[PDB]
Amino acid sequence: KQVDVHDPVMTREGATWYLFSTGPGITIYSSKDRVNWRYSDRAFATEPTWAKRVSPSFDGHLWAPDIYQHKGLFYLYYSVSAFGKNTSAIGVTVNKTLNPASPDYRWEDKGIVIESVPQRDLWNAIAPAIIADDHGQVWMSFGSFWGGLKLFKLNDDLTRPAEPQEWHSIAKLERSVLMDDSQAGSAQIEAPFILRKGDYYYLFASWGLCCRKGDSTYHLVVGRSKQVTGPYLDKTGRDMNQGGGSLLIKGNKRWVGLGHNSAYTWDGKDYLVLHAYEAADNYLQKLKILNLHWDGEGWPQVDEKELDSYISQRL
């Protein structure tokens, strides 16, 4: 069987790869070769102590983790939320190592980085991604529906927004403020991820509807910017803040919907990491890791056939 993950991220410590997925307390897997994966741990034994306060319907599944390494520590960001609501918060928990067999291994929760509130905020605090600029600063991008995707400066700790705060919109789709603020609306965009490559920051995002089986329209788009704070332009030069986004990979008949990607530079090669819904296996999402190439114009390209050729093993 293939490894099932949603909203995947990855990192490497020493000789081992680690995969983090949406799931109870955040599911972690490990591999020595990115193909064959054993269950490693759940970040939280049960759930964050503060979870049910932000979202009372909470079922134990954290969403859309991001893994970040900084001054020798492991920072695991994660999302508490409810379906179709922006009663949400992103928290972070920190570990000295990922090897659960080490006496140094244990996740310590740092609490809420940011929280969205219905009627107050036109954004949904889920789906964090961490990126550093050329000037020592670290930023979180996040978001889903509502008024789209945001970027803000983190403080020294990486646990809360820097003060005074510094925010930038980075991608959006149409929405009138006259809509009820508690509704997700029709801006089908989520799940930012920023990769630095050469002189550019590349913003990946997911458009369309995930989690809908045969009706899913989820696919990936991309834009690029010389500065981390934007504006991110697609290939036709259109700002993602006004709905720009160049198609990177979309589904077909075997893979109905794919996305919430991450992306990495390991050993002078680049990889695209995402989930895709298998039409043959009940539209159950599967891990896929694709080779991420770059054309002569500075734009990433992927080979959609790799949705088939990449076959991960759950051991």
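Residue positions are given as counts along the sequence shown, with the first one as 1.
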(request) Output the stretch having the higher mean C-alpha B factor in the entry; the candidates are 207-215 and 119-127. (result) 207-215
(message) Can you tell me whether 102-110 has a higher mean C-alpha B factor than 182-190 in this record, or the other way round?
(response) 102-110
(message) Take the CA temperature factors straight from the PDB entry and tell me which of 248, 263, 279, 43 peaks.
(response) 43
(request) Using the B-factor values recorded in the entry, state whether the Cα atom of residue 69 falls in the lowest, middle or highest third among the modelled residues of its chain. (result) middle
(message) Where does the C-alpha B-factor of residue 83 rank in its chain, lowest, middle or highest third?
(response) highest
(request) Divide the modelled residues of the chain into thirds by Cα B-factor and specify which third, lowest, middle or highest, holds residue 257. (result) middle
(request) Grab the CA temperature factor for residue 296 from the record and place it in the lowest, middle or highest third of its chain. (result) lowest
(request) Using the B-factors in the PDB entry, rank residue 143's C-alpha atom against the chain and give the third, lowest, middle or highest. (result) highest
